[PDB]
Number of protein chains: 2
Amino acid sequence: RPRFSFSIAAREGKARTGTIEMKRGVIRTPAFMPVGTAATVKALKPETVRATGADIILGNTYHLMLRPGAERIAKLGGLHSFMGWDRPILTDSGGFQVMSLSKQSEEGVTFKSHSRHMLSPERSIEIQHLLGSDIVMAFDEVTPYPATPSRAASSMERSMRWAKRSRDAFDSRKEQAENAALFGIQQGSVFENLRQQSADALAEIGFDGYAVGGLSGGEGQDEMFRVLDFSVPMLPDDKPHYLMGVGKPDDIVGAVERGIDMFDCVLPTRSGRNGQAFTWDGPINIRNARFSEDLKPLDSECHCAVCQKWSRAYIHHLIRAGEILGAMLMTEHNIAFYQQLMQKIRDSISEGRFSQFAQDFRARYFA
Amino acid sequence: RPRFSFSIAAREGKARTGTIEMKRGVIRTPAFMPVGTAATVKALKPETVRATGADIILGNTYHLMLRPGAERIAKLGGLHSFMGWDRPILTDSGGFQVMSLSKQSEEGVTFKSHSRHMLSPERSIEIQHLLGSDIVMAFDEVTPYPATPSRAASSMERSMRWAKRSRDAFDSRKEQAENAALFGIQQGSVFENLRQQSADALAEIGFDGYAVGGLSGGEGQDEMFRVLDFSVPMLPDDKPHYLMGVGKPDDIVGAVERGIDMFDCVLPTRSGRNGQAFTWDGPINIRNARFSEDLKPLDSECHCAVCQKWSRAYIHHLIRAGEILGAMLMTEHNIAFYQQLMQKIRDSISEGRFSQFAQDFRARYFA
Ligand SMILES: [Zn+2]
Ligand SMILES: [Zn+2]
């Protein structure tokens with residue numbers, strides 16, 4: 001396989017289905033990436049993550065650089081070997097979690113662990129190298145929501161300067177440039193002209209893929225969709241489009257309708273341990289008393305191992321009791337659900353019936 | 001298969017190896033039973049528990065009757081169906097956890113949930129029926145350690161009265177009597193004559209197996225072994241001998257040397273989630289800094305899936321980070337370790353080299 005190849009096999013309106021080929025394997029698009037925070041997809045063995053259909057996982061650079069540490073992971077053979085996942089890994093740059101969980105300047109950011117630490121385009125790319133990441137995210141500056149036009153512009157500008165620095169850091173490391181891919185991130189808040197300026201700048205630098213950054217931050221789905229409506233067509237058509245941190249099933253469906261090829265989100269894992277299970281008739285909270293003697297599976301059609309073997313009543317009990325197996329089963333189911341969602345999307349695009357799928361999906365999910 | 005058949009295939013001194021055949025499957029003896037507290041072996045799917053080599057698990061009646069409730073489990077199809085374990089299950093009577101976790105009389109005990117509840121020989125046996133238990137423990141009275149001779153005697157007497165009541169409750173329920181087995185429990189603290197009186201009384205009532213109750217309560221291994229020395233030969237030779245709540249590896253080895261065929265204990269599960277891993281060179285606490293860059297498996301010889309795929313360094317990280325996968329891997333390893341211990345014991349008895357095994361095991365484990 002090549003370092004990186006993205007091919008589109010089929011289209012319907014703005015939606016695309018296809019594949020990204022990388023050395024560690026093929027990624028089917030549109031793709032959903034389970035989140036590995038600190039070198040683990042919570043409550044699942046890597047074999048289980050794969051069994052659900054995941055082709056790629058995400059790793060959180062901020063968490064890894066704190067614990068167990070980037071240099072340490074490299075000493076130990078890199079993230080894939082350390083955690084037992086041998087397929088592609090996308091790493092974020094660490095910058096988001098800096099702002100939400102942890103001194104800012106043109107050089108980068110210093111911060112204290114939730115221990116003093118530093119990140120910058122250079123160090124970020126370096127850390128992702130040390131981890132052995134297959135898909136490297138450029139380091140950008142977070143743009144809060146809402147942001148004024150002035151501040152959105154200043155920050156987008158900085159982020160494009162940081163994108164160039166990311167590109168150069170990445171390219172100067174031969175091992176990294178030969179074996180990994182680099183994605184740039186579009187900024188500009190909700191403003192069309194800034195989104196265009198950002199797209200243009202990223203395209204001129206040139207990346208293997210392009211993320212739409214800065215959304216799912218409080219603006220709500222209508223605004224997110226309106227921004228996607230004009231922002232995604234600005235990106236190069238022949239490269240992957242990644243919508244960072246977007247994961248409700250209806251968000252995913254609408255985002256694919258607007259040209260997005262890749263997603264990540266902690267909802268299936270997070271929501272799973274907390275009691276929320278996804279179903280084709282909408283989410284359920286398994287802790288509800290209504291499930292205490294319900295012998296049905298979490299979902300009536302789901303092909304996952306959990307739905308083949310255990311009842312709502314049992315999982316209800318486990319989660320009420322705070323048992324680890326409850327978290328394990330809920331998580332496996334929810335990630336499997338998401339992968340079946342992605343498969344149905346891929347198939348429907350390939351068959352030119354994605355519009356009808358989106359309709360059918362919503363009528364039932366929000367019934 | 002029959003309701004219950006115990007056959008001894010080989011002997012060495014007081015040690016025995018053989019099999020218990022029951023409707024739900026064969027149990028290899030000497031046997032170690034992973035503890036399913038509230039209808040789950042903590043952090044493991046039943047398929048994983050089986051993969052480690054377990055033939056039978058234990059269920060805690062006290063916990064189940066509190067949550068999710070005995071009647072509820074019966075409504076739902078019984079414990080095996082509810083939790084996804086289709087091999088034999090031994091249930092305790094609930095009485096121990098009453099005294100350690102929750103009004104006492106000749107009738108039984110009432111207590112408040114850690115909701116007011118009640119247990120007695122009759123209700124205990126009934127609850128174990130509702131759960132669908134394959135091996136039913138008679139309901140007895142706990143004898144604290146230390147106990148005076150007078151109190152040890154009074155309580156042992158009560159427990160033998162309760163043993164008769166257990167036997168009669170069990171036999172009066174045709175479904176239970178035809179499909180399950182009933183074990184009696186020997187009491188008498190550390191006193192030989194009371195242990196003899198108890199053995200005699202149990203044998204006269206007649207049970208499918210006989211537990212040595214009242215040990216591993218603070219007396220320490222030397223005293224436990226001294227009591228086993230005279231107490232186990234008092235039990236019928238042709239039925240299983242169960243030592244309740246005994247689980248350190250050296251305790252198990254010495255107990256088998258004295259005639260015990262069955263064990264349960266929460267150490268491998270409990271100790272696992274807390275960081276303790278069993279090895280043939282002795283336990284280790286994986287949280288220790290010494291393991292942060294150790295690429296070796298938990299144990300150099302262990303055949304378990306954990307030791308084939310992950311390093312000490314990774315598990316170290318997971319447990320330090322409070323990740324659920326750390327608990328999963330530690331537990332799978334420790335239960336697998338215990339099952340390999342039981343296998344080595346079985347094989348060595350079958351080959352007439354158990355004495356040498358016990359020697360070799362100790363010299364290395366306590367090196
Ligand atoms: Zn499912
Ligand atoms: Zn192992």
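For the structure, see preceding data.
Calculation criteria
Per-chain numbering applies: from 1 upward along each written sequence, possibly unlike the entry's numbering, with residues missing coordinates excluded. Here the convention is simple: chains get letters from A, ligands get numbers from 1, in the order in which they are written. Where side-chain values are given, they derive from all heavy atoms of the structure, hydrogens and water being excluded. Residues with missing side-chain atoms are left out of burial classes, side-chain pairs and their counts. Helical segments are the DSSP runs of H or I of at least four residues, strand segments are the runs of E of at least two, and each set is numbered from the N terminus. We take the radius of gyration over the C-alpha atoms and set the globule estimate at 2.2 Å times the residue count to the 0.38 power. Strands pair, by our definition, only if DSSP identifies at least two bridges between them. Here an axis means a line fitted to C-alpha atoms, over the contact stretch when the element is a helix, while the angle between two N-to-C directions is reported on a 0 to 180 degree scale. Aromatic pairing here means that ring centres of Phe, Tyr or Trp (its six-membered ring) are within 6.5 Å. Orientation follows from the plane angle: under 30 degrees is stacked, over 60 is edge-to-face, and everything else is tilted. Burial status follows relative accessibility: with a 1.4 Å probe on protein chains alone, a residue under 20% of its type maximum counts as buried, one over 50% as exposed, and anything between as partly exposed. Sitting over a ring, as applied to charges here, requires NZ of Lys or CZ of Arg to be within 6 Å of the ring centre and within 35 degrees of the ring normal. Their C-alpha atoms serve as the basis for the least-squares superposition of the copies. Whether two residues are in contact is decided by their heavy atoms, any of which lying within 4.5 Å being enough. All residues other than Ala, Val, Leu, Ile, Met, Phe, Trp, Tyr, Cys, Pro, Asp, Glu, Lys and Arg, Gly among them, are scored as polar; the first ten of these are nonpolar and the last four charged. Polar contact is the term for a pair of N or O atoms within 3.5 Å; when the atoms are in protein, one must be able to donate a hydrogen and the other to accept it, and sequence-neighboring residues count only if both atoms are side-chain atoms. A pair is scored as a salt bridge if a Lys or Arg side-chain nitrogen falls within 4 Å of a carboxyl oxygen belonging to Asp or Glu. Water is absent from the atoms considered, so a metal site may look incomplete; donors are defined as N, O and S atoms within 2.8 Å of the metal, or 3.2 Å for Na, K and Ca. Between 85 and 135 degrees for all angles marks four donors as tetrahedral; over 155 degrees for opposite donors together with 65 to 115 for all other angles marks four donors as square planar and six as octahedral; every other arrangement is irregular. Geometric relationships in this document are graded by angle, where less than 35 degrees denotes roughly parallel, more than 145 denotes roughly antiparallel, 65 to 115 denotes roughly perpendicular, and other angles denote oblique. Take the far helix as the reference: if the near one is turned anticlockwise from it by less than a right angle, the crossing is left-handed, and if turned clockwise, right-handed.

## A short note on the overall build of chain A
When helices and strands are counted, chain A shows 16 helices and 16 strands. Here chain A has a C-alpha radius of gyration of 20 Å; the compact-globule value for 367 residues is 21 Å, and the two agree. Considering only C-alpha atoms, chain A reaches an extent of 60 × 45 × 45 Å along its principal axes.

## Here we look at the sheet that holds strand β1 (residues 5–12) of chain B
Residues and elements named next belong to chain B. Read from one edge to the other, the open sheet built from 3 strands follows the order β1-β2-β3, with strand pairing classed as antiparallel. One side of each edge strand has no neighbouring strand; the edge strands of this open sheet are β1 and β3 (25–29). For this sheet the average axis-to-axis angle between neighbouring strands, irrespective of direction, equals 15 degrees. In this sheet, strand β2 (residues 15–22) lies alongside β1 in antiparallel orientation, the contact comprising 7 bridges. Residue pairing in the sheet places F6 in a bridge with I20 of β2.

## Digging into the packing of aromatic side chains
Residue and element names in this part refer to chain A. Summed over the entire model, instances satisfying the criterion amount to 26 aromatic pairs over all chains. Where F4 meets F183, the ring centres are 6.1 Å apart and the plane angle is 90 degrees; that geometry is what we call edge-to-face. Taken as a pair, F4 and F183 share a single burial class, namely buried. These aromatic residues form a ring-pair network of at least three members: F32, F278, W280, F337, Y338, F357, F361, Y365 and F366. Positioned above the aromatic ring of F225 is the side chain of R258, whose terminal nitrogen or guanidinium carbon lies 4.0 Å from the ring centre. Above the plane of the ring of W280 lies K344, whose end atom (NZ or CZ) is 5.3 Å from the centre.

## Re the relation of the copies chain A and chain B
With an axial shift of 0.0 Å and an RMSD of 0.0 Å, the rotation relating chain A to chain B amounts to 180 degrees. Taken together, the rotation and translation relating the two chain copies correspond to the operation of a two-fold axis. Proximity to the rotation axis, assessed at the C-alpha, singles out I324 of chain A in chain A; its C-alpha lies 3.5 Å from the axis. A symmetric contact is evident, with 100% of the interface residues of chain A recurring at the interface of chain B.

## Overview of the interface of chain A and chain B
Each side of the interface is counted separately: chain A has 32 residues, and chain B has 32 residues. Mapped onto the side of chain A that touches chain B, the elements with two or more residues apiece are α1 (46–51), α4 (79–83), α14 (312–321) and α15 (324–350) of chain A. Broken down by element, the residue count for the side of chain A that touches chain B peaks at 6 residues, all from α15 of chain A. For the side of chain A that touches chain B, the class distribution of residues is 19 nonpolar, 4 polar and 9 charged.

## Considerations on the environment of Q343 of chain A
On the secondary structure map, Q343 of chain A appears in helix α15. Relative accessible area serves as the criterion here: at 28%, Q343 of chain A is assigned to the partly exposed category.

## Describing the environment of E332 of chain A
Residue position: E332 of chain A is located in helix α15. With 63 residues separating them along the chain, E332 of chain A and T269 of chain A place their C-alpha atoms 8.2 Å apart. Beyond its immediate sequence surroundings of up to four residues, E332 of chain A is in contact with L44, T48, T52, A305 and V306 of chain A together with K45 of chain B. Among the polar contacts made by the side chain of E332 of chain A, one reaches the side chain of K45 of chain B at a distance of 2.8 Å.

## Section: the pattern of salt bridges
By the definition in use, this model includes 54 salt bridges over all chains. For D237 of chain B, the salt bridge identified is with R11 of chain B, shortest N-O distance 2.5 Å. Take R11 of chain B: its relative accessible area is 44%, and that puts it in the partly exposed class. One network of salt bridges, with partners in common, ties together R11, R16, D237 and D261 of chain A.

## Considering the coordination of the zinc ion (ligand 1)
At the metal site, the zinc ion (ligand 1) is ligated by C302 of chain A (SG), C304 of chain A (SG), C307 of chain A (SG) and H333 of chain A (ND1), and these contacts range over 2.1 to 2.3 Å. Around the zinc ion (ligand 1), the 4 donor atoms sit at angles spanning 99 to 116 degrees, and that spread fits a shape best called tetrahedral.

## Let's talk about the sheet that holds strand β7 (residues 89–91) of chain A
Residue and element names in this part refer to chain A. Pairing is parallel across the open sheet formed by 9 strands, whose spatial order is β4-β14-β13-β12-β11-β10-β7-β6-β5. Unpaired on one side and paired on the other, β4 (31–33) and β5 (35–36) mark the two borders of the sheet. The pairing of β7 with strand β10 (residues 135–137) spans 2 bridges and is parallel. Across the sheet, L90 pairs through a bridge with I135, a residue of β10. Together, β7, β10 and β11 (181–186) form the strand contacts of helix α6 (residues 121–131), whose direction differs from that of β10 by roughly 160 degrees. Along the sheet, helix α7 (residues 149–172) contacts β10 and β11; its crossing angle with β11, the most-contacted strand, is approximately 180 degrees.

## Some details on the coordination of the zinc ion (ligand 2)
Residue and element names in this part refer to chain B. At the metal site, the zinc ion (ligand 2) is ligated by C302 (SG), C304 (SG), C307 (SG) and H333 (ND1), and these contacts range over 2.1 to 2.3 Å. For the zinc ion (ligand 2), the single-chain donor residues occur in sequence as C-x1-C-x2-C-x25-H. Taken together, the residues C302 in the loop between β16 (284–285) and α13 (305–309) and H333 in helix α15 (residues 324–350) connect sequence positions 31 residues apart. Summarising the burial analysis for this pair, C302 and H333 share the class buried.

## So, the side chain of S159 of chain B
In this structure, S159 of chain B sits in helix α7 (residues 149–172). Here the side chain of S159 of chain B touches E141 of chain B through a polar contact of 3.1 Å, landing on its backbone nitrogen.

## Description of the packing of α15 of chain B against helix α16 (residues 354–365) of chain B
All names here are of chain B. Two elements in contact, α15 and α16, have axes whose closest approach is 8 Å; the angle formed by their N-to-C orientations is 145 degrees. Together, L341, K344, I345, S348 and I349 of α15 and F354, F357 and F361 of α16 make up the contact between the two elements. Each residue belonging to the contact of α15 with α16 can be placed in one class, and the counts come to 6 nonpolar, 1 polar and 1 charged.

## A word on α14 of chain A
Within α14 of chain A, 8 of the 10 residues are buried, which leaves it mostly tucked inside the rest of the structure. Those residues of α14 of chain A that fall on the buried side of the exposure criterion are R312, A313, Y314, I315, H316, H317, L318 and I319 of chain A. On its buried face, α14 of chain A sits against α12 (267–274), β16 (284–285), α13 (305–309) and α15 of chain A together with α4 (79–83) of chain B. Note on α14 of chain A: the residue one or two positions beyond its end, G322 of chain A, has a positive phi of about 70 degrees.

## Side note on unusual backbone geometry
The omega torsion across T29 of chain A and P30 of chain A is -5 degrees, close enough to zero to call that bond cis. Structurally, the position occupied by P30 of chain A is in the loop between β3 (25–29) and β4. Of note, the bond from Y145 of chain A into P146 of chain A is cis; its omega dihedral lies within 30 degrees of zero at 0 degrees. Mapping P146 of chain A onto the fold places it in the loop between β10 and α7. The phi dihedral of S189 of chain B is positive, around 55 degrees, even though this residue is not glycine. Relative accessible area serves as the criterion here: at 5%, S189 of chain B is assigned to the buried category.

## Here's the deal with the side chain of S231 of chain A
Structurally, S231 of chain A can be placed in helix α10 (residues 221–231). Beyond its immediate stretch of four places on either side in the chain, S231 of chain A contacts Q186 and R195 of chain A.

## Digging into the packing of helix α6 (residues 121–131) of chain B against α7 of chain B
Residue and element names in this part refer to chain B. α7 packs onto α6 with a crossing angle of 45 degrees between their chain directions and a minimal axis gap of 8 Å. In terms of their interaxial angle, α6 and α7 are classed as oblique. Our pair here, α6 against α7, has a crossing hand that is right-handed. Residue-level inspection shows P121, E122 and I125 of α6 in contact with α7, the latter providing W162, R165, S166, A169 and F170. Considered class by class, the residues forming the contact of α6 with α7 number 5 nonpolar, 1 polar and 2 charged.

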